[PDB]
Amino acid sequence: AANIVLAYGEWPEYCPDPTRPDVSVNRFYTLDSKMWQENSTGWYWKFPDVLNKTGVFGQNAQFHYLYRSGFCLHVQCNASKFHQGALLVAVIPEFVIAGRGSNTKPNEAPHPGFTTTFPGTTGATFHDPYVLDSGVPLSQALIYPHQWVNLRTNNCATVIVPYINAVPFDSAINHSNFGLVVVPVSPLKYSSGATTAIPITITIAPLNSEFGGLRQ
Amino acid sequence: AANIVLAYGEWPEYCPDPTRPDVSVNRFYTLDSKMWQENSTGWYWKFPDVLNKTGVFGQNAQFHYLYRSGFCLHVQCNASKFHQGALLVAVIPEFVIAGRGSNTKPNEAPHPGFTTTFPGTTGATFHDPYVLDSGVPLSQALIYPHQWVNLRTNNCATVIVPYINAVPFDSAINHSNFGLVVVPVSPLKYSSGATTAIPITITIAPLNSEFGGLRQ
Amino acid sequence: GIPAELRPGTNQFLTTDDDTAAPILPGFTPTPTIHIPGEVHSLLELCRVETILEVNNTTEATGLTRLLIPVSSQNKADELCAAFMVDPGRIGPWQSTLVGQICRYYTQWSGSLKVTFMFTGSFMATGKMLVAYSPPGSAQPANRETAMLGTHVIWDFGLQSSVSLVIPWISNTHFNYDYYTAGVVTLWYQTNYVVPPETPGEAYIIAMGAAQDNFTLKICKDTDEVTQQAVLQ
Amino acid sequence: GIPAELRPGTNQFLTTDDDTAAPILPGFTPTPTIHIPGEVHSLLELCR
Amino acid sequence: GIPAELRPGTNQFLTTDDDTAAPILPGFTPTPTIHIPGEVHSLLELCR
Amino acid sequence: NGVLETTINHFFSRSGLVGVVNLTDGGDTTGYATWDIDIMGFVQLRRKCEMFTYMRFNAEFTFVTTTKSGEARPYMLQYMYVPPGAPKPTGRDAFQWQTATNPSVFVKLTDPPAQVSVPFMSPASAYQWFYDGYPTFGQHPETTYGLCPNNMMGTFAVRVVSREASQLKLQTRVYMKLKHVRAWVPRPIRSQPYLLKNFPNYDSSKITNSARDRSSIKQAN
Amino acid sequence: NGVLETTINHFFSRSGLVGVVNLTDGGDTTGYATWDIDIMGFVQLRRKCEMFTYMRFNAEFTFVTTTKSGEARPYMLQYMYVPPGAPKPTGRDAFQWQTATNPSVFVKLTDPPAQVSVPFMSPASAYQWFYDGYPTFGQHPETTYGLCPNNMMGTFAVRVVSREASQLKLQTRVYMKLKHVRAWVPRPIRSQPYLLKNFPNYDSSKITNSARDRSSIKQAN
């Protein structure tokens, strides 16, 4: 709670005068924690996906043709004072993974599978995080809205992101607005006898939500 | 002290709002006098060089990456009323000597040696002064800031020169802002029995100095 | 009609020129623009973001470990940990940063830069480092003692988990024998790395840097950073 | 005279362009328009 | 468009002429000038 | 010190070569040439507009046409621009070329180049070069990932105007200037080389390091 | 009595010929021609701008191109200007020519000449033709004396636009006008002839006297 990252210096707002679910969708969703250990390579969550199949929020999104909202993300890491490491918590818009294992043709180019593109509630894991699986240089990932969660210092990272897109409304199932990337820049180290695997808990509050086009 | 030559009608100033050595560098430096005799061909001193290896001023210039200052130059000639002659004291910016002894090619063209280009504290001596070793016509050297020191009349010549350059700051070791040329236009003549060689003393006060980029 | 006379430069196409080209669809009105957050006006806004330098780039750690420089218990006090030249525009640690990659598009730059360190060791660990900057024209500092006499910061981990050092000024100038001498920044062990029992005795420093407000660039050019030449198909 | 310089796009005929073409009959004045009911301005009027 | 007529002296390059040549780098702003002492305006200043 | 060279608009100025198209007349099968508008074509301008996410701009095209030997001759050319959604010419003599809604510029080969401007054509408020998702709403059962039709900017087609076929051979360098550029939500700029034209795919085995190596960490050049 | 002819700006006006470059097409090895911008090239304009020390101005270049026989033909040409610091074209077909940041002017051979302006390109506040010192800061241990990179004004390169090679042969007279001229801290003007292009070096044995001799001192013509 010491520092919040407010993405792009702009707060979520409603449609700039399409319905609102009152306060009904306002509450914390707590994802299954990820277990971070010496060799852990990082994780990511395509965001207007993670909540698609779970919760009251999930029933709205699957049954409505258009969707709009921002989010508030809290990433906590519980660990002792004898553990050490650092993570990079970043929210990167329109995160698009890429086919690796090069075969360059019009035909056999190895495009990612759906389970690899949209991971679901359990998120996915980077094959090689150095490029963020985008082919892009992770060392530059600090451009995006980001926070360092460093076990030496505060263990929490919170980031508010507004709704961003070229259009006011878009489908919740097909299009994933932003992904959430968590990478272990400096590897986790611990002395013998300490607990081996450190959990990572991400809590997400779909604040300021809108829906439309209900399907009976 | 009767007449001072103020070069280009403009006084030295500090950086037009990079540090200043208070008054610490303000004092006279007196170079080894040059001994002028019947056949003497003239002398020159590349100026932000002469002081480079000598004095408190010298330690600053060698240990700082950037340099700025003007100067005040006093040229005295001691001699009797039975001696006669004239000297031309001129301060000529960006004085560049030249390879003589023509061989014209891209390769074997006889460029000057470092000891010939930057003479040091003892200055250097013109091979053929008629061209000022620039290939340029000495008879036109009166363009520059200059003074005549004529043994018939006053024996002193003083010239204040401001810092001039295309850039505000420049290196003290590599770049020589201006040279100081002293030539015996009309040769020295004396009757038999008089002292044969007349001394020439040049005193220089680095007024209004600045330094920067110290090197431990 | 109005008497006119043609001048040289007629009937020429200058790629960098500017003038109104006739709209192919005059009556078309484009979709009005909405408010999209995070608009970028200047590239300088985009340089000031501090991004990670690779200070360990050599043929040993190849991977994400290429971004991290170590510290250990076995290293005695008063010896060098790591050093890197500070220039955005040449090869090495700065090619990973934005300021480093953004300077490839411009021939001349100058201004102040900002180098920042972060310590990933344990909360129980403690020690000190001396991080010092030697201006251009001065060579690699040979000893901590001579390094101290320059511009330095004593940085104690237990107190601050992060330190910052502003290099005062740096710019390029021409007119491989020149080899563009610039400053270097070294990172020394002030004291040996102290760690309690049952705690890892090896940690990483992570270094990142960015330009400051007065940093400017000029004379645009294309990058040699890509040899690709038109993938297409 | 007035110094001028030609730019690309000279001597081209762009079908969608707009500019005054020289009237073939300058002194001709057409029959003045009367009021005919049911004038159509936009096609949207015609969609509804 | 504006009716124009070309006059003799069209398409000629006169070495001593004067007119704006199109800047090869329009968006380039050169280094601002500082004060350098001893500026020369006329050659007469240099004859005296 | 003038900021104007670093503005986002000056960085995309300066019309470069976005494509080249060749034309030969047998008169019937292929008497024409077509070029889809794509600014991803070459790698210099691609790498620049892939450091952003949403971009909104105008395009200005200049068509430099010469012959194979290079010496011109007063043949007339037709540059047809078929806006996105219109059918493309299927032949030199096809009825596509007389469609009134496809603008054209008739210009002779011996003239200065022909030049036109294109507005911002998207239904969306800006282009987006990075789209995470699927274009279809039909519940894709699950190569169509990432490709959004919204970025179609249209097409040019070129022919020689004549009743019979003229045996000349041409190629057209097409230079594009990019005007009134607004850009949003920047990205990092790509380290890895490009493999497929339209897709981010890279090579996992050959990955190149972002910074050239050196001798030892504690020795600085 | 009008002073305007003696001003420092009028004295450098009046575009003269600063160079000439020849071009021949074998198509591959050398299909192009390059000319570095140097105003020291000829001895008339050199001797004028060497009577000053610092000068700041603009350049305006006009390219007069003809054929070997002299009769034109409508071939298209490309004049590329590579600003200081950019790599120069290494071949007719090299990728250097498609670089967007190198401005170009496509003009046909039968047109009036092509004309462009160059700004003041130095990082320094003015050019300096006389530099006393060394360019290197690296403690030169001690032919590099006097040569400062700061005066590089860039380069032009010329090619013929075509897919195949055209067998014509060209030469380009390039006239340069010098605008908005400011000049500082004058020098004396050179008596001795020039030997090396870029250096003051002169001949010590052959020195010529500044004023032609006469019969006796006390007889005036």
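Residues numbered from 1 in each chain as written, not as in the entry; some residues may be left out. Chains lettered and ligands numbered in written order. Part of a larger assembly, values for the part shown. Heavy atoms only, no water.

Deposited coordinates in this entry are attributed by the record to cryo-EM, at a stated resolution of 3.12 Å.

Taking the PDB entry as the reference, chain F is identified by name as VP1 belonging to Coxsackievirus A10.

Chain C is annotated in the PDB entry as VP3 from Coxsackievirus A10.

Caption draft 1: Here's a closer look at the pairing of strand β3 (residues 54-67) of chain F. Residue and element names in this part refer to chain F. Most of β3 is tucked away: 13 of the 14 residues are buried. Here 2 bridges tie β3 to strand β7 (residues 127-128), and the two strands are oriented antiparallel to one another. Each bridged residue has a counterpart across the sheet, and for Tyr 54 the counterpart in β7 is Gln 128. In terms of strand pairing, β3 meets strand β9 (residues 169-184) through 13 bridges, oriented antiparallel. Looking at the pairing, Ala 59 lines up with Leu 178 of β9. Both β3 and strand β6 (residues 114-118) contribute to a ladder of 5 bridges, which runs antiparallel. (Buried < 20%, exposed > 50% of the residue type's maximum accessible area, 1.4 Å probe, protein only. Helix = DSSP H or I, 4+ residues; strand = E, 2+ residues; numbered from the N terminus. Pairing = 2+ DSSP bridges.)

Caption draft 2: Structural detail: the sheet that holds strand β5 (residues 104-108) of chain F. Judged by pairing direction, the sheet is antiparallel, and its 5 strands sit side by side in the order β2(D)-β5(F)-β4(F)-β8(F)-β2(F) without closing on themselves. Looking at which strands have only one partner, the edges of the open sheet turn out to be β2 (13-14) of chain D together with β2 (33-36) of chain F. Note that β2 of chain F and strand β8 (residues 155-160) of chain F share 4 bridges and pair antiparallel. By the bridge assignment, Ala 33 of chain F is partnered in β8 of chain F with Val 158 of chain F.

Caption draft 3: Just the interface of chain C and chain D, in detail. Contact with chain C, which involves 17 residues of that partner, is made by 11 residues of chain D. Here chain C meets chain D over a buried area of about 1,200 Å², counting both sides, of which 56% is carbon and sulfur. Counting across the chain C and chain D interface gives 1 salt bridge. The biggest single contributor to the side of chain C that touches chain D is strand β1 (residues 2-6) of chain C, with 5 residues. Residues that form the side of chain C that touches chain D fall into these classes: 10 nonpolar, 4 polar and 3 charged. With 3 bridges connecting them, β1 of chain C and strand β1 (residues 2-4) of chain D associate as parallel partners. Within the sheet, the bridge partner assigned to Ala 4 of chain C lies in β1 of chain D and is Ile 2 of chain D. (Contact = heavy atoms within 4.5 Å. Buried area = accessible area lost by both parts, 1.4 Å probe. Salt bridge = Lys/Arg side-chain N within 4 Å of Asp/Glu carboxyl O. Nonpolar A, V, L, I, M, F, W, Y, C, P; charged D, E, K, R; others polar.)

Caption draft 4: Local environment of the interface of chain F and chain C. At the junction of the two partners, chain F supplies 66 residues and chain C supplies 67 residues. Both faces considered, chain F and chain C share a buried interface measuring about 5,600 Å² in area, 59% of it formed by carbon and sulfur atoms. One can count 1 salt bridge joining chain F with chain C. Across the side of chain F that touches chain C, the residue classes break down as 34 nonpolar, 18 polar and 14 charged.

Caption draft 5: How the structure looks around unusual backbone geometry. The phi angle at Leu 232 of chain C is positive, at roughly 50°, despite the residue not being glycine. Residue placement: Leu 232 of chain C occurs in the segment after β13 (216-220). Here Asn 221 of chain G, not a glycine, exhibits a phi torsion of approximately 30°, which is positive. Structurally, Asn 221 of chain G can be placed in the segment after β9 (169-184).

Caption draft 6: Local environment of the side chain of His 10 of chain F. As for its position among the elements, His 10 of chain F is in helix α1 (residues 8-11). Among the polar contacts made by the side chain of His 10 of chain F, one reaches the main-chain carbonyl oxygen of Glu 5 of chain F at a distance of 3.3 Å. Ignoring anything within four residues of it in the chain, the contact list for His 10 of chain F reads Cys 220 of chain C, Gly 27 of chain E together with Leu 4 and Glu 5 of chain F. (Polar contact = N/O pair within 3.5 Å; in protein donor to acceptor, adjacent residues only side chain to side chain.)

Caption draft 7: Seen up close, helix α2 (residues 56-63) of chain B. All names here are of chain B. If you check which residues of α2 are buried, you get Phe 57, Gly 58, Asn 60 and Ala 61. Down the axis of α2, the buried set is contained in an arc of 160°. They therefore lie on one face. Where α2 is buried, its residues meet β2 (29-30), β5 (64-69) and β13 (209-214). (Arc of directions from axis to C-beta.)

Caption draft 8: Summary view of the pattern of salt bridges. Under the definition given, this model contains 20 salt bridges over all chains. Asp 17 of chain C is the partner of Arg 7 of chain D in a salt bridge, and the nearest nitrogen-oxygen pair spans 3.9 Å. Of this pair, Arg 7 of chain D sits in the loop between β1 and β2 while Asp 17 of chain C sits in the loop between β2 (13-14) and β3 (39-40), which puts the two residues in different chains. Owing to a relative accessible area of 22%, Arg 7 of chain D belongs among the partly exposed residues under this scheme. For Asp 17 of chain C, a relative accessible area of 17% corresponds to the buried category. One salt bridge in this structure joins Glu 50 of chain G and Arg 46 of chain G, with 2.6 Å as the shortest N-O distance. For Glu 50 of chain G, a relative accessible area of 11% gives the class buried. With relative accessibility at 6%, the residue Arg 46 of chain G sits in the buried group.

Caption draft 9: Looking closely at the state of the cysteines. Residue and element names in this part refer to chain C. One pass over the structure, following the stated rule, counts 0 disulfides over all chains. With no disulfide of its own, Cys 103 has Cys 47 as its nearest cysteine by sulfur position, at a separation of 6.3 Å. Classification of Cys 103 as buried rests on a relative accessible area of 2%. (Disulfide = S-S within 2.5 Å.)

Caption draft 10: Quick look at the sheet that holds strand β11 (residues 178-189) of chain A. All names here are of chain A. With antiparallel pairing, the 5 strands of this open sheet are ordered in space as β8-β4-β11-β7-β9. Strands at the two margins of the open sheet, each flanked by one partner only, are β8 (124-125) and β9 (146-150). Taken together, the 4 bridges between strand β4 (residues 43-46) and β11 define a ladder with antiparallel strand orientation. Pairing of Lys 46 across the sheet is with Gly 179, part of β11.

Caption draft 11: How the structure looks around a nonpolar patch on the surface. On the surface, a nonpolar cluster with roughly 340 Å² of combined accessible area is contributed by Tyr 65 and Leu 66 of chain A together with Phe 137 of chain F. Checked against the element boundaries, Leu 66 of chain A lands in strand β5 (residues 64-69). (Patch = residues over 30% accessible without salt bridge, like charges linked within 9 Å, V, L, I, M, F, W, Y side chains within 5 Å. Areas by Shrake-Rupley, 256 points an atom, 1.4 Å probe, with all protein chains shown as cover.)

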